[PDB]
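> can you look at this? It's an experimental structure, sequence on top.
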Amino acid sequence: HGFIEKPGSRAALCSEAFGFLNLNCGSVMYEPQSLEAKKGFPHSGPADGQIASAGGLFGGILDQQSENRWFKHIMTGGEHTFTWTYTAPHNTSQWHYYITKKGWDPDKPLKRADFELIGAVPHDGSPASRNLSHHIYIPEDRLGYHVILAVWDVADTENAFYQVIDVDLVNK
Ligand SMILES: [Cu+]
């Protein structure tokens, strides 16, 4: 297990400094980084594991219309730090993270070209794999919704985490 450490503090936003009396805490945020994935069934929630049928893709537009579809993080242009903090003794095998890109086309790689790999870290050796904080560039000239799709796969068991964050990336 683990949780998002940076950018920002969402706890600070929930706090009375929002003004003094009002708030927009988005309290669905208790454990979203730790969104589990299981091989086989059950899932408790609705079906996941649907990537080869693309039920979790073409049908996953409904997941981008879900009650559980928590909030867009607003980021202006330039690089930002993205850091996760963990309580894991668990052995990762690999983690990698993508953004969606708008405007897919069936005549083209659509189930891959839905996205862009924005970074990857395999479990291998050196302080390169040890890095748990990474800096990602945000274009300075564009505005638009994206989802970060991230996977954090575990060597220790056939089950993993698979997690998403909606964002709204904008200009400098
Ligand atoms: Cu855990």
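Cool, the structure landed. Numbering: from 1, shown residues only.

> what ranges do the strands span in this structure?
Residue ranges of the strands in the chain, as given by DSSP state E, are 2-6, 36-37, 73-75, 78-86, 92-100, 115-122, 133-138, 144-154, 160-169.

> reformat those as a markdown table; add distance to residue 53.
From N, CA and C alone the C-beta is placed, and that goes for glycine too. Below are those laid out as a markdown table (distance: least, CB to CB, whole Å):
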| stretch | distance to residue 53 |
| --- | --- |
| strand 2-6 | 29 |
| strand 36-37 | 15 |
| strand 73-75 | 30 |
| strand 78-86 | 29 |
| strand 92-100 | 19 |
| strand 115-122 | 18 |
| strand 133-138 | 30 |
| strand 144-154 | 17 |
| strand 160-169 | 16 |
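
> now the ones you listed in TSV, with distance to residue 57 and mean neighbour count?
Formatted as TSV, those follow (distance: least, CB to CB, whole Å; neighbours: other CB atoms under 10 Å):
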stretch	distance to residue 57	mean neighbour count
strand 2-6	24	16
strand 36-37	15	16
strand 73-75	22	15
strand 78-86	24	15
strand 92-100	11	18
strand 115-122	10	14
strand 133-138	23	14
strand 144-154	10	18
strand 160-169	12	18
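
> which among those is found nearest to residue 13?
Among those, the nearest to residue 13 by CB to CB is strand 73-75 (10.6 Å).

> look up how far residue 19 lies from the closest residue to residue 115 other than its chain neighbours.
Nearest in space to residue 115, with sequence neighbours left out and distances taken as CB to CB, 6 or more residues apart in numbering, is residue 98 at 4.3 Å. For residue 98, the distance to residue 19 equals 36 Å [CB to CB, to the nearest Å].

> residue 62 too?
Residue 62 is 35 Å from residue 19, by CB to CB.

> what's the answer for residue 45, then?
For residue 45, the distance to residue 19 - CB to CB - is 35 Å.

> over to residue 43?
Taken as CB to CB, the span from residue 43 to residue 19 is 40 Å.

> more crowded one of the two?
The neighbour comparison of residue 43 against residue 19 (other CB atoms under 10 Å) goes to residue 43, with 13 against 7.

> quick one, what contacts the closest residue in space to the more buried one that isn't next to it in sequence?
Distance criterion CB to CB, 6+ apart; nearest residue to residue 43, sequence neighbours excluded, is residue 49 at 7.3 Å. By CB atoms under 8 Å, 6 or more residues apart in numbering, the contact set of residue 49 is 37-39, 43, 56.
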